[PDB]
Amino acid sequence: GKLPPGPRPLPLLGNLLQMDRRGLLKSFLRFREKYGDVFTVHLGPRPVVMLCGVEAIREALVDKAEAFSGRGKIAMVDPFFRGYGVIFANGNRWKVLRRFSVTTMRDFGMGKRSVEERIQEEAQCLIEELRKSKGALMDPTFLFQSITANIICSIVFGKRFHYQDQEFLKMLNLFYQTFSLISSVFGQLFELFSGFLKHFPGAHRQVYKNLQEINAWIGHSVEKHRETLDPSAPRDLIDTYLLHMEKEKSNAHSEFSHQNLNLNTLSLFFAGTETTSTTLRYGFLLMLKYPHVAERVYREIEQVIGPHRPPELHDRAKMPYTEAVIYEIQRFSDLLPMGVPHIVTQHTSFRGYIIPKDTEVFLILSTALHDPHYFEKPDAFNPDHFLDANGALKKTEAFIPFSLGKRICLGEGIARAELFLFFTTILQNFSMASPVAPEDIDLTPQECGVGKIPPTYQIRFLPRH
């Protein structure tokens, strides 16, 4: 007959005075200690229901999908997206854009040989690039974004960009900076008080500007596509979308609008770049801290693939250890600890509580990923979390870094293909070194809000034999 219980709110400030200084996620984990897995927190002026643990998350996202499949806002980027694009769309717009983005990504490769080939080709470009560096120290963030960006680029814009291209590097810089600012301490505070803080200067202004600058670059590329469009042969997703615009042009309410074009494309480009690159960033940081694991990965590569033939997706079933190491890098690095917010789309009863239409819901994915019933010592990096006694791969229903249900990550198969191919192709050709001894490597994220973002680091890729 009411919302889940939770800390007693003030007017105006919500549960501000009961929050933890270290961030939203910490705040919610202390609430979970007292209230259990289903609780309400007032983030400024509104109630947000928190769902923790795989059972509650799955009960909401899979058994009540008719109710929990709506998308809430992220205060820091809503002023830009405004419900346009597949990530932030709702209702019929999401239905159309979801169907479209999934389907046309497949058209042009996703989950087919074509994208595997694109990934393998891109890994060969990376390797050639790392060879040219001749064991120099770099922060590899730029290359990890470039390779993941070039995969989604080949599908969306019909092309890849060269690693040396400054205009490309500029977009990458903007995705990196924006993800950090969104995840910053200011970005968390903005989630609570955006109604008041938007009137003043701050990072929300910088994120909107960055986004608009990415939007412009995407505008120019859309114009180029418009000029050269061949209706009998679309080259990529922009062309296919442009064809949908025309087919539907007599309907003033068509979802295939120009704002959806720019913002859906931006959504895909952003998500297709920054999620996988950040994961890899933690992977190599993790490798540096646990060189024994890197070594054991390389032994497997030697034995299953050898030193020269390039890794392919068919290699996965025969490399349980590397696959365990990648699962554990995903579990540990916990990209979106609170997922992306949802919002129930009708009155729903959940475990005896009534959750009104339009209440926001955070599914704390992190609580599934750190569940001590599924992972012993969930705070430590340990690939044994994903292996049985025999050394065979052990998958678990608690492994939900892409979430579940109707809004489940639509790039899951791509991201898994990229993580395996890029991780193994790099390790087959190179070992890693850095100036910081493994004992002294700090894994503490540089930001932790919407995104968990690893700290910067230097690394060397040393060629084998």
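Note that residue numbering follows the sequence shown and begins at 1.
S.K.: Determine, for stretches 249-257 and 111-119, which one has the higher mean CA B-factor as deposited.
M.R.: It is 111-119.
S.K.: Should the higher mean CA B-factor in the entry be assigned to 71-79 or to 230-238?
M.R.: In the deposited entry, the stretch with the higher C-alpha B-factor mean is 230-238.
S.K.: Out of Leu393, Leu172, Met338, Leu288, which one has a C-alpha B factor higher than all the others in the entry?
M.R.: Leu393 has the highest C-alpha B-factor of those listed.
S.K.: By the CA temperature factor listed in this entry, which of these ranks top: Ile87, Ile364, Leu181, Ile218?
M.R.: Within the set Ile87, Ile364, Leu181, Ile218, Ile218 shows the top C-alpha B-factor.
S.K.: Ranking the modelled residues of this chain by C-alpha B-factor as given in the entry, is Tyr374 in the lowest, middle or highest third?
M.R.: According to the entry, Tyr374 has a C-alpha B-factor in the chain's middle third.
S.K.: Among the modelled residues of its chain, does the C-alpha B-factor of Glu312 lie in the lowest, middle or highest third?
M.R.: Middle third - that is where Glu312 ends up once the chain's C-alpha B-factors are sorted.
S.K.: Where does the C-alpha B-factor of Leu462 rank in its chain, lowest, middle or highest third?
M.R.: Middle third - that is where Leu462 ends up once the chain's C-alpha B-factors are sorted.
S.K.: By its CA B factor, does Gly405 count among the lowest, middle or highest third of the modelled residues in the chain?
M.R.: According to the entry, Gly405 has a C-alpha B-factor in the chain's lowest third.
S.K.: By the recorded C-alpha temperature factor, relative to the other modelled residues in its chain, which third is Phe168 in?
M.R.: It falls in the middle third of the chain.
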